[PDB]
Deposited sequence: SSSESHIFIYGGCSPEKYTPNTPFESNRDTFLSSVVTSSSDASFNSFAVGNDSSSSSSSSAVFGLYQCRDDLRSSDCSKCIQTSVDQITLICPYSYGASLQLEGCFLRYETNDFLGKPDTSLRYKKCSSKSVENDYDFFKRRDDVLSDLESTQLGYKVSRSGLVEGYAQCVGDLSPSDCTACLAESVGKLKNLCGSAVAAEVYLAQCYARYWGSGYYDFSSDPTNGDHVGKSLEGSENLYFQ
């Protein structure tokens, strides 16, 4: 289901208890849970430019192909987990199968960012199967076409999934996924299955009966 751990990262810079930033962070996470109920994505800014007094900027993105109640469950789990693995971080991100949660002290909302956050290539490689690679190419090409939300793609026994985070413009979503696919090709050349997660999007492919 939608709750297994994919990756997490925290800022090296830590905040101290009983500061405005701690308060702002709590308020943010509380808002994320509230917003969960009836939106799959939302953006937030709490507070004022500063550091202990700093503003918080953040967002969450649930898998767009999942129900309301499932998005809330995932986000509640996410708020608990991100606190657990990143106790006193000024910045943190967390990707579960079902949802993504991010906050920082800098205003990253809406800005393109294609930096690599996480990737995994399957240990099993396909060899002597040109057809597999052509089908992968067709799938990845279709994923790259995404402008809003998510795409599921399929060609033969090759399946793919891509998602843009809801703070991106269409043009920026296309560019982000273009970089994802480039990365899938260049880091995981021969893998039967791989995933690449950038700052503002991700893309995965896998073999079905492979």
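Undergrad: What are the C-alpha gaps when you align the coordinates back onto the deposited sequence?
TA: Unmodelled stretches: 1-3, 54-56, 217-242.
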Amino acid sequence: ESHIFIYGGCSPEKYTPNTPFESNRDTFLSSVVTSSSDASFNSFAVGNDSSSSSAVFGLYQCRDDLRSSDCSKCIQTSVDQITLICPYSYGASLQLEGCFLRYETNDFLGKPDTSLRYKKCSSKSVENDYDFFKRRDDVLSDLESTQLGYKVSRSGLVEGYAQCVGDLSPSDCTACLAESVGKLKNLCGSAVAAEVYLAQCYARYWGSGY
From here on, numbers count along this sequence of modelled residues.
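Undergrad: Output the stretch having the higher mean C-alpha B factor in the entry; the candidates are 31-39 and 60-68.
TA: Between 31-39 and 60-68, it is 60-68.
Undergrad: May I ask you to compare 120-128 and 103-111 by their mean CA B factor in the entry and name the higher one?
TA: Here the higher of the two C-alpha B-factor means belongs to 120-128.
Undergrad: Just to confirm, going by the entry's C-alpha B-factors, which of 141, 169, 48, 155 comes out highest?
TA: Of the candidates given, the C-alpha B-factor peaks at 48.
Undergrad: Among the modelled residues of its chain, does the C-alpha B-factor of residue 191 lie in the lowest, middle or highest third?
TA: For residue 191, the deposited C-alpha B-factor lands in the middle third.
Undergrad: Lowest, middle or highest third: which one holds residue 210 when the chain's residues are ordered by CA B-factor from the entry?
TA: Answer is highest: the recorded C-alpha B-factor places it there.
Undergrad: Taking the C-alpha B-factors as the PDB entry records them, is residue 21 in the lowest, middle or highest third of its chain?
TA: For residue 21, the deposited C-alpha B-factor lands in the middle third.
Undergrad: By the record's CA B-factor, is residue 73 among the lowest, middle or highest third of residues in the chain?
TA: For residue 73, the deposited C-alpha B-factor lands in the highest third.
Undergrad: Based on the deposited C-alpha B factors for this chain, I'd like to know if residue 54 is in the lowest, middle or highest third.
TA: Top third by C-alpha B-factor.
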